[PDB]
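Asks: Sharing a structure, written as structure tokens. Questions coming.
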Amino acid sequence: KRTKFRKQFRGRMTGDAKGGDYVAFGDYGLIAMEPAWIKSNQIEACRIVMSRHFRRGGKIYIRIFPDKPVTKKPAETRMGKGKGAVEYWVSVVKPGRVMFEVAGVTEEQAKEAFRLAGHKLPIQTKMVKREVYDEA
Amino acid sequence: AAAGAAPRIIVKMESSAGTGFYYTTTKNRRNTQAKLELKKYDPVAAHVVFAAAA
Amino acid sequence: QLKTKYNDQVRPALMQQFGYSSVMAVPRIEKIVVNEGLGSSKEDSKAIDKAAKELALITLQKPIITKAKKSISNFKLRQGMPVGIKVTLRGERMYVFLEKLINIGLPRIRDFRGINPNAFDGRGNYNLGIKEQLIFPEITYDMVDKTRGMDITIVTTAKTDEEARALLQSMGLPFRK
Amino acid sequence: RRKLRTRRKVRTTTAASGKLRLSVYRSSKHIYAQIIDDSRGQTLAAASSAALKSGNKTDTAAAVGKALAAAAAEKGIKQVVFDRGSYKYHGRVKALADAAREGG
Amino acid sequence: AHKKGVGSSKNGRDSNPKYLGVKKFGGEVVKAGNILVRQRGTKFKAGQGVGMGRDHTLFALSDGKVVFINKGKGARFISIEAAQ
RNA sequence: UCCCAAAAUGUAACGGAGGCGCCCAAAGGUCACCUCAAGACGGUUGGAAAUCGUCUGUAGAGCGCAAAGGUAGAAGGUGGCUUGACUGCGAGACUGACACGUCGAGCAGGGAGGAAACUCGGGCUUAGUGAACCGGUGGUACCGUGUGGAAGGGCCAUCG
RNA sequence: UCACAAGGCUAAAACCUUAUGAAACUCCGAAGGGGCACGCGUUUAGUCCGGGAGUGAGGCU
Ligand SMILES: [Mg+2]
Ligand SMILES: [Mg+2]
Ligand SMILES: [Mg+2]
Ligand SMILES: [Mg+2]
Ligand SMILES: [Mg+2]
Ligand SMILES: [Mg+2]
Ligand SMILES: [Mg+2]
Ligand SMILES: [Mg+2]
Ligand SMILES: [Mg+2]
């Protein structure tokens, strides 16, 4: 969800995903395909979906994290007078970046918990499975 | 600068030489307390030390 | 003085004890360092005067007022003000004051049975600070006001703690077993 | 501790000064007082004190000042800069000085 | 229906530009007292023939030709070497 | 002062943050000397932090204030002597539409510190500012309405 | 420096492996740009002195 202390406001720009395209901490992984912004609550949503479907307990790695403050001006104001005041928080997930890692669950379980998380997501995704030893 | 001027004041350093010449700078009154005693050039002779006139 | 010669008779004692390939490669004694860190709560000019007096009368050497490192935590601290008092003794007066100590100090210590033998400067040296002041050759309660205590730090040029230890003891020193 | 020497060393503006700098080394009971044209990596004159010393250990400073300055006459050196070391210009190295400071 | 403000900015402010950097570059002729760098600090240290005002301004002392010495990062010098 | 500002300078917004309208007679000149933060072991008040010691230790500190650059061969901490926080100038550049503004070698008088090479025309630097006009004050003897004076102006300094 | 994902470890901090975000972070760091010299090679502009201006609401990709 939120960061704890910071600077306040920000900006916007894009190209392909820095690190990391590879599958650590787990056996199955879910990957972006589109240059989105991702809000806390959207992740929160995926977290709760997958957490329920796994029941107790599995193991869930939420790689992505919202450090980026997005603002929205008040209702019905003429432009200017200031910058909008922190509406919510996004995490700038670029394509190929791995958003999710789950392990301690079968392939089937992983597929499903993934698909369920996917339908809650602003962007297309793909699941995959290890071999990406660029390092470890 | 401005009137109230409690710390630092524009003081004028007038010569002992009796020439006419003087200088100007600033003293804190926190640390000069009494007077100011300085040794600068005089252009109506050569180098004769002044005191802090009002 | 005499103590110097006794060191020079500890030297083949530790040469023989340790089998040193050299006589300078043997533990010696560098300075003695006397600290008196009253301050913080004792902000009295009168008191640092008294510590000056006491120190000058026992150590026969003027003491330095080691100020506050300007660290000002929540409680009572500040910038540049007296908080401690240092007197560094090395060489002659070191040996004089140290002999004064083994001679008249720890003996005249109220309830004394030795000091802590568990390791000190694991680099190879040894400190040991000592409490009370009403246990002295020169200090009197019939020449002071209140009651204080101090800090003491020697520098054995040893290489470990067993060698430091050895030097200390055979120099004449109480290890509470 | 090497701070004093590299201090005065850089403080002697090496080349752009023009003048030649003049080393010392009185830490041991032997010195070395070299005369250097800084810029060129070459050492011009010099006058040691470990090839016979008469006997004096620090009293001989004036001697090697006079001896050096003597070498300086011949080589043709009239300008100088005093590269001291960690040496606080007082007695010995002051002797070497005054000595060279007249006997040039 | 409508709104009534009220907020503003505390910001805006900035300071008039400080035309800094080097004015005289590698391989450039130089008159006496021609300036070669404006800088905040010791970014560029004076070498031979160049002095340094309090602005840490580097200005050349005796005509000649400008030469840049980069002594492996954070320690750099500018100098003049006259032609011939 | 930083970011925006697109690796030269420059560049707008009721774009994003933060300081200034001073301070210092030593916090300046010079001369000489000293090296930081922090952690680990052991240490009378202590015992989170005090003061001492050992080991590590390139800056993880300090620089009167904002931040950026800068800086350990010092600008950082300490001491001696001191009044260059100086007159008469200014080769040559930076910078601005103009007015401004900034840096400055070198010459003279004449001084400061140094044994000296030397350095010093304020402060590590970048904010701490107000054009003219009319007037106050110290010097100056340029003009002074028939002439000689004096009122008054002019000049350099300087205060509002 | 600020922020941050799983684990170790320890009384939490530091620290260890794994892992990542940054306009106001930077061990690094392009393409490009800017100054200067030549012209080694093409082409035509330039600069200064003086007369006359107009313009100072811009618009889109
Ligand atoms: Mg550009
Ligand atoms: Mg514009
Ligand atoms: Mg008017
Ligand atoms: Mg008048
Ligand atoms: Mg008159
Ligand atoms: Mg590398
Ligand atoms: Mg207009
Ligand atoms: Mg317009
Ligand atoms: Mg436009």
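By convention here, the chains of the structure tokens are called A, B, ... in the order presented, each chain's residues are numbered starting at 1, and ligands are numbered starting at 1 in the order presented.
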Taking only C-alpha atoms (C1' of nucleotides) and all ligand atoms into account, report as a ChimeraX atom specification which residues have an atom no farther than 10 Å from an atom of ligand 4.

Replies: /F:136-140,153-154

Asks: Based on the selection just made, write N, CA, C and O atoms (P, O5', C5', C4', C3', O3' and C1' of nucleotides) of those residues as a PDB file, in the first residue's frame.

Replies:
```pdb
ATOM      1  P     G F 136      21.633  70.924   4.231  1.00  0.00           P
ATOM      2  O5'   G F 136      21.979  69.864   5.371  1.00  0.00           O
ATOM      3  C5'   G F 136      21.222  69.799   6.572  1.00  0.00           C
ATOM      4  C4'   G F 136      21.702  68.669   7.447  1.00  0.00           C
ATOM      5  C3'   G F 136      23.184  68.676   7.797  1.00  0.00           C
ATOM      6  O3'   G F 136      23.483  69.546   8.883  1.00  0.00           O
ATOM      7  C1'   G F 136      22.555  66.517   7.064  1.00  0.00           C
ATOM      8  P     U F 137      24.757  70.539   8.840  1.00  0.00           P
ATOM      9  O5'   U F 137      25.995  69.547   8.988  1.00  0.00           O
ATOM     10  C5'   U F 137      26.178  68.799  10.185  1.00  0.00           C
ATOM     11  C4'   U F 137      27.160  67.663  10.010  1.00  0.00           C
ATOM     12  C3'   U F 137      28.583  68.025   9.596  1.00  0.00           C
ATOM     13  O3'   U F 137      29.383  68.502  10.670  1.00  0.00           O
ATOM     14  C1'   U F 137      27.828  66.206   8.301  1.00  0.00           C
ATOM     15  P     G F 138      30.471  69.670  10.442  1.00  0.00           P
ATOM     16  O5'   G F 138      31.762  68.910   9.881  1.00  0.00           O
ATOM     17  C5'   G F 138      32.493  68.014  10.708  1.00  0.00           C
ATOM     18  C4'   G F 138      33.567  67.268   9.946  1.00  0.00           C
ATOM     19  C3'   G F 138      34.542  68.103   9.121  1.00  0.00           C
ATOM     20  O3'   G F 138      35.552  68.753   9.881  1.00  0.00           O
ATOM     21  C1'   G F 138      33.797  66.292   7.822  1.00  0.00           C
ATOM     22  P     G F 139      36.186  70.145   9.366  1.00  0.00           P
ATOM     23  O5'   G F 139      36.754  69.802   7.916  1.00  0.00           O
ATOM     24  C5'   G F 139      38.147  69.646   7.700  1.00  0.00           C
ATOM     25  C4'   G F 139      38.448  68.807   6.481  1.00  0.00           C
ATOM     26  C3'   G F 139      38.945  69.555   5.254  1.00  0.00           C
ATOM     27  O3'   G F 139      40.315  69.904   5.313  1.00  0.00           O
ATOM     28  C1'   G F 139      37.272  68.034   4.604  1.00  0.00           C
ATOM     29  P     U F 140      40.767  71.379   4.874  1.00  0.00           P
ATOM     30  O5'   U F 140      40.466  71.428   3.304  1.00  0.00           O
ATOM     31  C5'   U F 140      41.003  70.461   2.404  1.00  0.00           C
ATOM     32  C4'   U F 140      40.446  70.623   1.003  1.00  0.00           C
ATOM     33  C3'   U F 140      40.638  71.988   0.353  1.00  0.00           C
ATOM     34  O3'   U F 140      41.926  72.139  -0.214  1.00  0.00           O
ATOM     35  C1'   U F 140      38.416  71.213  -0.023  1.00  0.00           C
ATOM     36  P     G F 153      24.487  75.893  -0.275  1.00  0.00           P
ATOM     37  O5'   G F 153      25.220  75.638  -1.668  1.00  0.00           O
ATOM     38  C5'   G F 153      24.526  75.027  -2.739  1.00  0.00           C
ATOM     39  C4'   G F 153      25.034  75.488  -4.069  1.00  0.00           C
ATOM     40  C3'   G F 153      26.065  74.591  -4.716  1.00  0.00           C
ATOM     41  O3'   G F 153      25.518  73.467  -5.345  1.00  0.00           O
ATOM     42  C1'   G F 153      26.854  76.774  -4.779  1.00  0.00           C
ATOM     43  P     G F 154      26.100  72.035  -4.958  1.00  0.00           P
ATOM     44  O5'   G F 154      27.457  71.925  -5.785  1.00  0.00           O
ATOM     45  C5'   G F 154      27.485  72.203  -7.180  1.00  0.00           C
ATOM     46  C4'   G F 154      28.897  72.251  -7.712  1.00  0.00           C
ATOM     47  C3'   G F 154      29.809  71.093  -7.311  1.00  0.00           C
ATOM     48  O3'   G F 154      29.637  69.954  -8.135  1.00  0.00           O
ATOM     49  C1'   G F 154      30.916  73.119  -6.880  1.00  0.00           C
TER      50        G F 154
END
```

Asks: Up to 8 Å from chain E, what residues of chain G turn up? Count only C-alpha atoms (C1' of nucleotides) and give them as number ranges by chain.

Replies: G: 35-37

Asks: Hey, which residues sit close to ligand 2? Say within 12 Å, counting only C-alpha atoms (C1' of nucleotides) and all ligand atoms, and write them as a list in words.

Replies: residues 10, 11, 12 and 13 of chain F

Asks: Can you pull out the residues contacting residue E:48? Cut-off 7 Å, using only C-alpha atoms (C1' of nucleotides), and skip same-chain residues under 6 positions away; I want them as a ChimeraX atom specification.

Replies: /D:16 /E:79-80

Asks: Counting only C-alpha atoms (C1' of nucleotides), collect the residues of chain G whose closest atom lies at most 10 Å from chain A, and write them out as a list in words.

Replies: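 Every residue meeting the condition is included here: residues 2, 3, 4, 5, 6, 7, 17, 18, 19, 20, 21, 22, 23 and 24 of chain G.
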
Asks: Residues at most 9 Å from ligand 5, using only C-alpha atoms (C1' of nucleotides) and all ligand atoms? Could they come as a ChimeraX atom specification?

Replies: /F:141,151-153

Asks: Would you save the residues from that selection as a PDB file, in the first residue's frame, using N, CA and C atoms (P, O5', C5', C4', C3', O3' and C1' of nucleotides)?

Replies:
```
ATOM      1  P     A F 141      42.702  73.538  -0.092  1.00  0.00           P
ATOM      2  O5'   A F 141      41.788  74.570  -0.893  1.00  0.00           O
ATOM      3  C5'   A F 141      41.899  74.698  -2.308  1.00  0.00           C
ATOM      4  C4'   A F 141      40.852  75.631  -2.854  1.00  0.00           C
ATOM      5  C3'   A F 141      41.284  77.087  -3.029  1.00  0.00           C
ATOM      6  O3'   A F 141      40.654  77.649  -4.174  1.00  0.00           O
ATOM      7  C1'   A F 141      39.466  76.965  -1.505  1.00  0.00           C
ATOM      8  P     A F 151      30.406  82.327   4.331  1.00  0.00           P
ATOM      9  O5'   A F 151      28.985  82.843   3.832  1.00  0.00           O
ATOM     10  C5'   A F 151      27.919  82.998   4.758  1.00  0.00           C
ATOM     11  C4'   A F 151      26.592  83.265   4.081  1.00  0.00           C
ATOM     12  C3'   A F 151      25.992  82.141   3.249  1.00  0.00           C
ATOM     13  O3'   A F 151      25.388  81.094   4.002  1.00  0.00           O
ATOM     14  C1'   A F 151      25.841  84.156   2.047  1.00  0.00           C
ATOM     15  P     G F 152      25.727  79.551   3.655  1.00  0.00           P
ATOM     16  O5'   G F 152      25.330  79.381   2.115  1.00  0.00           O
ATOM     17  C5'   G F 152      24.011  79.649   1.645  1.00  0.00           C
ATOM     18  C4'   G F 152      23.933  79.654   0.134  1.00  0.00           C
ATOM     19  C3'   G F 152      24.540  78.455  -0.569  1.00  0.00           C
ATOM     20  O3'   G F 152      23.752  77.292  -0.515  1.00  0.00           O
ATOM     21  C1'   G F 152      25.316  80.385  -1.624  1.00  0.00           C
ATOM     22  P     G F 153      24.487  75.893  -0.275  1.00  0.00           P
ATOM     23  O5'   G F 153      25.220  75.638  -1.668  1.00  0.00           O
ATOM     24  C5'   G F 153      24.526  75.027  -2.739  1.00  0.00           C
ATOM     25  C4'   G F 153      25.034  75.488  -4.069  1.00  0.00           C
ATOM     26  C3'   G F 153      26.065  74.591  -4.716  1.00  0.00           C
ATOM     27  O3'   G F 153      25.518  73.467  -5.345  1.00  0.00           O
ATOM     28  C1'   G F 153      26.854  76.774  -4.779  1.00  0.00           C
TER      29        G F 153
END
```

Asks: Could you give me, as number ranges by chain, the residues within 12 Å of residue B:39, counting only C-alpha atoms (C1' of nucleotides) and dropping anything in the same chain fewer than 4 positions from it?

Replies: B: 13-17, 22-23, 46-52; F: 82-86, 111-112

Asks: Since we have the selection now, will you write its residues out, keeping N, CA and C atoms (P, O5', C5', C4', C3', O3' and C1' of nucleotides), as a PDB file, in the first residue's frame?

Replies:
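The resulting file, part-v4.pdb, is reproduced below:
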```pdb
ATOM      1  N   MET B  13      35.461  56.219  11.772  1.00  0.00           N
ATOM      2  CA  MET B  13      36.809  56.179  12.340  1.00  0.00           C
ATOM      3  C   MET B  13      37.596  57.414  11.935  1.00  0.00           C
ATOM      4  N   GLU B  14      37.587  58.451  12.775  1.00  0.00           N
ATOM      5  CA  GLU B  14      38.251  59.700  12.397  1.00  0.00           C
ATOM      6  C   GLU B  14      39.695  59.775  12.915  1.00  0.00           C
ATOM      7  N   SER B  15      40.552  60.396  12.107  1.00  0.00           N
ATOM      8  CA  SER B  15      41.986  60.428  12.355  1.00  0.00           C
ATOM      9  C   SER B  15      42.402  61.306  13.515  1.00  0.00           C
ATOM     10  N   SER B  16      43.579  60.960  14.024  1.00  0.00           N
ATOM     11  CA  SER B  16      44.277  61.677  15.073  1.00  0.00           C
ATOM     12  C   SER B  16      45.134  62.736  14.415  1.00  0.00           C
ATOM     13  N   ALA B  17      45.502  62.449  13.172  1.00  0.00           N
ATOM     14  CA  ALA B  17      46.314  63.330  12.348  1.00  0.00           C
ATOM     15  C   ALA B  17      45.756  64.760  12.198  1.00  0.00           C
ATOM     16  N   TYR B  22      38.418  60.684   7.360  1.00  0.00           N
ATOM     17  CA  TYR B  22      37.839  59.653   8.244  1.00  0.00           C
ATOM     18  C   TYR B  22      37.553  58.330   7.497  1.00  0.00           C
ATOM     19  N   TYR B  23      37.085  57.317   8.218  1.00  0.00           N
ATOM     20  CA  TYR B  23      36.559  56.116   7.577  1.00  0.00           C
ATOM     21  C   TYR B  23      35.163  55.801   8.089  1.00  0.00           C
ATOM     22  N   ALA B  46      50.971  59.890   5.614  1.00  0.00           N
ATOM     23  CA  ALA B  46      51.198  58.452   5.423  1.00  0.00           C
ATOM     24  C   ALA B  46      51.122  57.622   6.716  1.00  0.00           C
ATOM     25  N   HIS B  47      49.900  57.202   7.075  1.00  0.00           N
ATOM     26  CA  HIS B  47      49.609  55.995   7.895  1.00  0.00           C
ATOM     27  C   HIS B  47      49.446  56.167   9.428  1.00  0.00           C
ATOM     28  N   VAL B  48      48.429  56.911   9.864  1.00  0.00           N
ATOM     29  CA  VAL B  48      48.439  57.518  11.199  1.00  0.00           C
ATOM     30  C   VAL B  48      47.306  57.172  12.190  1.00  0.00           C
ATOM     31  N   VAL B  49      46.630  56.029  12.047  1.00  0.00           N
ATOM     32  CA  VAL B  49      45.778  55.478  13.133  1.00  0.00           C
ATOM     33  C   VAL B  49      44.608  56.353  13.667  1.00  0.00           C
ATOM     34  N   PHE B  50      43.367  55.835  13.618  1.00  0.00           N
ATOM     35  CA  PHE B  50      42.168  56.616  14.032  1.00  0.00           C
ATOM     36  C   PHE B  50      41.347  56.057  15.212  1.00  0.00           C
ATOM     37  N   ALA B  51      40.418  56.886  15.699  1.00  0.00           N
ATOM     38  CA  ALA B  51      39.535  56.512  16.810  1.00  0.00           C
ATOM     39  C   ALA B  51      38.046  56.654  16.440  1.00  0.00           C
ATOM     40  N   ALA B  52      37.184  55.911  17.136  1.00  0.00           N
ATOM     41  CA  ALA B  52      35.767  55.806  16.768  1.00  0.00           C
ATOM     42  C   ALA B  52      34.914  57.026  17.145  1.00  0.00           C
TER      43      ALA B  52
ATOM     44  P     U F  82      51.543  43.464  17.548  1.00  0.00           P
ATOM     45  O5'   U F  82      51.284  43.542  15.979  1.00  0.00           O
ATOM     46  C5'   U F  82      50.345  44.462  15.435  1.00  0.00           C
ATOM     47  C4'   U F  82      49.650  43.887  14.223  1.00  0.00           C
ATOM     48  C3'   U F  82      48.451  44.667  13.697  1.00  0.00           C
ATOM     49  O3'   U F  82      48.856  45.661  12.772  1.00  0.00           O
ATOM     50  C1'   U F  82      47.910  42.356  13.891  1.00  0.00           C
ATOM     51  P     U F  83      48.449  47.201  12.978  1.00  0.00           P
ATOM     52  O5'   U F  83      47.352  47.434  11.854  1.00  0.00           O
ATOM     53  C5'   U F  83      47.449  46.786  10.582  1.00  0.00           C
ATOM     54  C4'   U F  83      46.128  46.803   9.842  1.00  0.00           C
ATOM     55  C3'   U F  83      45.445  48.162   9.819  1.00  0.00           C
ATOM     56  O3'   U F  83      44.629  48.275   8.652  1.00  0.00           O
ATOM     57  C1'   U F  83      44.121  46.635  11.060  1.00  0.00           C
ATOM     58  P     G F  84      45.304  48.461   7.205  1.00  0.00           P
ATOM     59  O5'   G F  84      44.907  47.133   6.438  1.00  0.00           O
ATOM     60  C5'   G F  84      43.550  46.889   6.132  1.00  0.00           C
ATOM     61  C4'   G F  84      43.408  45.809   5.100  1.00  0.00           C
ATOM     62  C3'   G F  84      43.925  44.436   5.504  1.00  0.00           C
ATOM     63  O3'   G F  84      42.986  43.464   5.063  1.00  0.00           O
ATOM     64  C1'   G F  84      44.961  45.121   3.483  1.00  0.00           C
ATOM     65  P     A F  85      41.820  43.037   6.076  1.00  0.00           P
ATOM     66  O5'   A F  85      40.429  43.480   5.387  1.00  0.00           O
ATOM     67  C5'   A F  85      40.323  44.539   4.425  1.00  0.00           C
ATOM     68  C4'   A F  85      39.109  45.430   4.634  1.00  0.00           C
ATOM     69  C3'   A F  85      39.334  46.658   5.530  1.00  0.00           C
ATOM     70  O3'   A F  85      38.653  47.811   5.043  1.00  0.00           O
ATOM     71  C1'   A F  85      37.571  45.332   6.401  1.00  0.00           C
ATOM     72  P     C F  86      38.919  48.441   3.585  1.00  0.00           P
ATOM     73  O5'   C F  86      40.450  48.879   3.495  1.00  0.00           O
ATOM     74  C5'   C F  86      40.866  50.075   4.134  1.00  0.00           C
ATOM     75  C4'   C F  86      42.009  50.835   3.476  1.00  0.00           C
ATOM     76  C3'   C F  86      41.940  51.256   2.028  1.00  0.00           C
ATOM     77  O3'   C F  86      40.919  52.180   1.716  1.00  0.00           O
ATOM     78  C1'   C F  86      44.179  50.850   2.649  1.00  0.00           C
ATOM     79  P     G F 111      55.703  53.293   6.033  1.00  0.00           P
ATOM     80  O5'   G F 111      55.146  51.802   6.173  1.00  0.00           O
ATOM     81  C5'   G F 111      54.676  51.333   7.426  1.00  0.00           C
ATOM     82  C4'   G F 111      53.301  50.706   7.361  1.00  0.00           C
ATOM     83  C3'   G F 111      53.247  49.253   7.774  1.00  0.00           C
ATOM     84  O3'   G F 111      53.341  49.089   9.171  1.00  0.00           O
ATOM     85  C1'   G F 111      51.905  49.573   5.850  1.00  0.00           C
ATOM     86  P     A F 112      54.029  47.767   9.745  1.00  0.00           P
ATOM     87  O5'   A F 112      52.923  46.653   9.512  1.00  0.00           O
ATOM     88  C5'   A F 112      51.727  46.634  10.279  1.00  0.00           C
ATOM     89  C4'   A F 112      51.089  45.278  10.184  1.00  0.00           C
ATOM     90  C3'   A F 112      52.054  44.119  10.405  1.00  0.00           C
ATOM     91  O3'   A F 112      52.154  43.775  11.774  1.00  0.00           O
ATOM     92  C1'   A F 112      50.829  43.783   8.401  1.00  0.00           C
TER      93        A F 112
END
```

Asks: With 10 Å as the limit and counting only C-alpha atoms (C1' of nucleotides), what residues in chain D lie close to chain F? Please list them as JSON, numbers by chain.

Replies: {"D": [1, 2, 3, 4, 5, 6, 7, 8, 9, 10, 11, 12, 13, 17, 18, 19, 20, 21, 79, 80, 81, 82, 83, 88, 89, 90, 94, 97, 98, 101]}

Asks: For chain B against chain F, which residues fall within 10 Å using only C-alpha atoms (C1' of nucleotides), given as an MDAnalysis selection string?

Replies: chainID B and resid 1:3 7:8 10 12 14 19:28 31:32 36:47 49

Asks: Could the residues in this selection be written to a file with C-alpha atoms, as an mmCIF file, in the first residue's frame?

Replies:
```cif
data_model
loop_
_atom_site.group_PDB
_atom_site.id
_atom_site.type_symbol
_atom_site.label_atom_id
_atom_site.label_comp_id
_atom_site.auth_asym_id
_atom_site.auth_seq_id
_atom_site.Cartn_x
_atom_site.Cartn_y
_atom_site.Cartn_z
ATOM 1 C CA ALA B 1 20.357 51.023 6.350
ATOM 2 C CA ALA B 2 17.487 51.244 8.925
ATOM 3 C CA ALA B 3 17.014 53.122 12.226
ATOM 4 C CA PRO B 7 23.412 45.280 17.132
ATOM 5 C CA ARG B 8 26.068 46.591 14.679
ATOM 6 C CA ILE B 10 27.798 52.466 11.320
ATOM 7 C CA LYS B 12 33.055 56.562 11.639
ATOM 8 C CA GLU B 14 38.251 59.700 12.397
ATOM 9 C CA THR B 19 43.799 66.175 8.596
ATOM 10 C CA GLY B 20 40.022 66.005 8.116
ATOM 11 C CA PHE B 21 39.894 62.508 6.672
ATOM 12 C CA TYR B 22 37.839 59.653 8.244
ATOM 13 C CA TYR B 23 36.559 56.116 7.577
ATOM 14 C CA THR B 24 33.280 54.221 8.041
ATOM 15 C CA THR B 25 32.446 50.654 9.060
ATOM 16 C CA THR B 26 30.350 48.770 11.587
ATOM 17 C CA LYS B 27 30.759 47.677 15.229
ATOM 18 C CA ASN B 28 28.562 45.316 17.256
ATOM 19 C CA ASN B 31 31.864 43.164 21.832
ATOM 20 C CA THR B 32 33.366 46.591 21.327
ATOM 21 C CA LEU B 36 37.249 51.297 18.596
ATOM 22 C CA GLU B 37 41.003 51.623 17.880
ATOM 23 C CA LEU B 38 42.400 51.067 14.368
ATOM 24 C CA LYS B 39 45.556 51.674 12.312
ATOM 25 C CA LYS B 40 44.823 52.725 8.709
ATOM 26 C CA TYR B 41 46.490 54.806 5.984
ATOM 27 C CA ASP B 42 45.926 58.561 5.761
ATOM 28 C CA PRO B 43 46.105 60.007 2.284
ATOM 29 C CA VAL B 44 46.968 63.450 3.521
ATOM 30 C CA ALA B 45 50.298 62.135 4.934
ATOM 31 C CA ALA B 46 51.198 58.452 5.423
ATOM 32 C CA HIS B 47 49.609 55.995 7.895
ATOM 33 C CA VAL B 49 45.778 55.478 13.133
#
```

Asks: Go through chain G residue by residue and, counting only C-alpha atoms (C1' of nucleotides) and all ligand atoms, keep those with an atom at most 12 Å from ligand 7; for each kept residue give the shortest atom pair and its distance in Å to one decimal, ordered by chain and increasing number, as JSON lines.

Replies:
```
{"residue": "G:55", "atom": "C1'", "partner": "ligand 7", "partner_atom_place_in_ligand_line": "1 (Mg)", "distance": 11.0}
{"residue": "G:56", "atom": "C1'", "partner": "ligand 7", "partner_atom_place_in_ligand_line": "1 (Mg)", "distance": 5.4}
{"residue": "G:57", "atom": "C1'", "partner": "ligand 7", "partner_atom_place_in_ligand_line": "1 (Mg)", "distance": 8.3}
```

Asks: Using only N, CA and C atoms (P, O5', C5', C4', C3', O3' and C1' of nucleotides), please write the residues we just selected to a file, as a PDB file, in the first residue's frame.

Replies:
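Result file is part.pdb:
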```
ATOM      1  P     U G  55       3.377  47.890 -36.238  1.00  0.00           P
ATOM      2  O5'   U G  55       4.192  46.567 -35.942  1.00  0.00           O
ATOM      3  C5'   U G  55       3.843  45.373 -36.631  1.00  0.00           C
ATOM      4  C4'   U G  55       4.680  44.214 -36.163  1.00  0.00           C
ATOM      5  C3'   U G  55       4.550  43.869 -34.690  1.00  0.00           C
ATOM      6  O3'   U G  55       3.461  42.997 -34.431  1.00  0.00           O
ATOM      7  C1'   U G  55       6.828  44.101 -35.240  1.00  0.00           C
ATOM      8  P     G G  56       2.620  43.117 -33.065  1.00  0.00           P
ATOM      9  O5'   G G  56       3.680  42.890 -31.890  1.00  0.00           O
ATOM     10  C5'   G G  56       4.029  41.584 -31.445  1.00  0.00           C
ATOM     11  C4'   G G  56       4.924  41.629 -30.228  1.00  0.00           C
ATOM     12  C3'   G G  56       4.251  42.041 -28.915  1.00  0.00           C
ATOM     13  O3'   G G  56       3.567  41.020 -28.211  1.00  0.00           O
ATOM     14  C1'   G G  56       6.108  43.408 -29.254  1.00  0.00           C
ATOM     15  P     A G  57       2.388  41.420 -27.187  1.00  0.00           P
ATOM     16  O5'   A G  57       1.171  41.790 -28.154  1.00  0.00           O
ATOM     17  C5'   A G  57       0.782  40.915 -29.215  1.00  0.00           C
ATOM     18  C4'   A G  57      -0.065  39.758 -28.728  1.00  0.00           C
ATOM     19  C3'   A G  57       0.161  38.414 -29.423  1.00  0.00           C
ATOM     20  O3'   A G  57       0.034  37.386 -28.462  1.00  0.00           O
ATOM     21  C1'   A G  57      -2.107  39.031 -29.627  1.00  0.00           C
TER      22        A G  57
END
```

Asks: Can you list, as a list in words, every protein, DNA or RNA residue that comes within 9 Å of stretch 146-150 of chain C when you count only C-alpha atoms (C1' of nucleotides), leaving out same-chain residues fewer than 6 positions away?

Replies: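 Answer for this query is residues 34, 35, 36, 37, 38, 51, 129, 130, 131, 132, 133 and 134 of chain C; 44 and 45 of chain F.
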
Asks: Suppose you want the space between atom CA of residue A:31 and atom CA of residue A:128; what is it in Å?

Replies: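 Spanning atom CA of residue A:31 to atom CA of residue A:128 is a straight-line distance of 7.7 Å.
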
Asks: Pick out the closest residue to ligand 6 from this set: G:48, G:12, G:27, G:38. Count only C-alpha atoms (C1' of nucleotides) and all ligand atoms.

Replies: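 Ranked by minimum distance to ligand 6, first place goes to G:27.
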
Asks: In chain A, what's alpha helix (DSSP H) per DSSP? Answer as a PyMOL selection string?

Replies: chain A and resi 40-54+107-119
